[PDB]
Amino acid sequence: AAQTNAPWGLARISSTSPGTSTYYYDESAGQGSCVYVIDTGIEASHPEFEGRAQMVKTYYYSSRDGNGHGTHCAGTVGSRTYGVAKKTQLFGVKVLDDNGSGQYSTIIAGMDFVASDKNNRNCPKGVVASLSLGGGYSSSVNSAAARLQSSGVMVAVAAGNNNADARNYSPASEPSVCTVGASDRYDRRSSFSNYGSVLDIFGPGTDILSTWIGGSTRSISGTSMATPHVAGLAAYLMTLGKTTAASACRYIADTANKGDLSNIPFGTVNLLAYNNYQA
């Protein structure tokens with residue numbers, strides 16, 4: 001399939017070079033897979049989700065995305081226009097309040113919830129979790145992410161937006177999950193993106209157009225935006241049966257565009273998510 005005048009990020013992950021505007025992808029489009037967006041929630045009524053989005057859990061007085069951050073990330077995973085896996089199933093887990101903040105205890109509870117909840121859901125092609133969140137180093141938060149991964153979920157987490165080594169951030173620094181840094185449309189590392197040995201992969205994260213609350217759209221930036229590109233790509237590749245939850249991160253690094261990014265610090269991978277779609 002082909003989506004013309006797609007967001008640059010979607011175009012980027014199906015091309016070997018920056019600067020194109022068409023998103024090429026297999027038409028299966030992540031159908032049969034499920035992605036848990038662990039974030040501020042999801043405006044499931046947004047037309048862009050086509051009914052493929054639903055809340056399954058909240059930790060606050062409301063299930064509503066009163067912020068937009070989660071709706072935006074969810075949109076990059078699987079919205080019709082702005083999503084990588086346009087037929088995936090989307091599950092919202094609201095661990096972050098309407099200011100985009102959350103306690104570690106909640107976030108941990110959230111991961112544990114997803115590890116169990118996937119057993120209530122029909123996801124024949126496998127399960128992904130996208131975590132565009134994180135703060136300082138936490139052993140307990142890292143362990144939570146590792147449990148989720150171990151439970152049979154493809155876990156993708158943001159590297160952080162501190163322009164620093166992600167070794168000092170969680171769940172970014174958990175070795176066994178997929179840690180995602182951010183790039184811009186010129187294949188530069190995003191100015192804010194964390195780096196470091198713990199990163200597994202880069203995805204588009206500067207100026208990313210996706211869904212927003214009130215049935216709208218907007219373009220924002222962050223490793224939070226890069227993460228769901230990789231989560232969506234996981235779900236997409238899993239649906240194609242090219243890889244599994246356990247190996248998806250490795251497979252994405254295996255098949256990534258290599259050495260194409262600039263301002264990558266020594267000891268940080270130069271790999272950019274890529275679907276290697278050949279019609």
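Everything in the sequence shown is counted per the entry's author numbering, starting at 1 for the first residue and increasing by one. Don't be surprised by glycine CBs; every beta carbon is placed ideally from N, CA and C.
Do residue j and residue i count as a contact pair if the criterion is CB distance below 8 Å?
| i | j | result |
| --- | --- | --- |
| residue 205 | residue 88 | no |
| residue 219 | residue 208 | yes |
| residue 157 | residue 179 | yes |
| residue 263 | residue 189 | yes |
| residue 145 | residue 160 | no |
| residue 20 | residue 3 | no |
| residue 71 | residue 43 | yes |
| residue 9 | residue 78 | no |
| residue 333 | residue 25 | The requested residue 333 is not part of the displayed model; the chain covers only 1 to 279. |
| residue 253 | residue 200 | yes |
| residue 128 | residue 33 | yes |
| residue 104 | residue 139 | no |
| residue 50 | residue 211 | no |
Tell me residue i's beta-bridge partners as DSSP assigns them.
| i | result |
| --- | --- |
| residue 131 | 157 |
| residue 2 | 24 |
| residue 112 | According to DSSP, which records beta bridges pairwise, residue 112 is partnered with nothing at all. |
| residue 180 | 158 and 201 |
| residue 272 | 202 and 257 |
| residue 188 | 262 |
| residue 218 | 210 |
| residue 280 | Residue 280 cannot be examined here, being either before or after the span of the chain that is shown, 1 to 279. |
| residue 238 | Bridge partners of residue 238: none, in fact. |
| residue 57 | 93 |
If I'm right that residue i touches residue j with Cβ under 8 Å, what's the distance once you round it to whole angstroms?
| i | j | result |
| --- | --- | --- |
| residue 234 | residue 203 | The Cβ separation is near 11 Å, so there is no contact. |
| residue 193 | residue 182 | 4 Å |
| residue 304 | residue 28 | Because residue 304 is not part of the residues shown, which for the chain are 1 to 279, the question remains open. |
| residue 56 | residue 117 | 6 Å |
| residue 175 | residue 198 | 7 Å |
Do you know how far the Cα of residue j is from the Cα of residue i?
| i | j | result |
| --- | --- | --- |
| residue 46 | residue 168 | 36 Å |
| residue 106 | residue 40 | 12 Å |
| residue 135 | residue 150 | 22 Å |
| residue 272 | residue 73 | 18 Å |
| residue 100 | residue 243 | 32 Å |
| residue 108 | residue 84 | 26 Å |
| residue 247 | residue 63 | 32 Å |
| residue 52 | residue 90 | 6 Å |
| residue 230 | residue 13 | 9 Å |
| residue 121 | residue 111 | 16 Å |
| residue 260 | residue 123 | 34 Å |
| residue 102 | residue 86 | 28 Å |
| residue 143 | residue 66 | 29 Å |
| residue 1 | residue 250 | 25 Å |
| residue 162 | residue 221 | 13 Å |
| residue 5 | residue 11 | 8 Å |
| residue 228 | residue 54 | 17 Å |
| residue 279 | residue 15 | 13 Å |
Alpha carbons only, please: which of the options is nearest the one belonging to residue i?
| i | options | result |
| --- | --- | --- |
| residue 17 | 267, 256 and 266 | 256 |
| residue 130 | 122, 92 and 163 | 92 |
| residue 164 | 191, 229 and 155 | 191 |
| residue 38 | 112, 94, 127 and 66 | 94 |
| residue 97 | 118, 246 and 58 | 58 |
| residue 133 | 13, 124 and 223 | 223 |
| residue 68 | 214, 122 and 61 | 214 |
| residue 266 | 196, 237, 211 and 1 | 196 |
| residue 125 | 236, 211, 115 and 259 | 236 |
| residue 114 | 148, 166 and 122 | 148 |
| residue 7 | 80, 54 and 143 | 80 |
| residue 258 | 187, 278, 5 and 228 | 187 |
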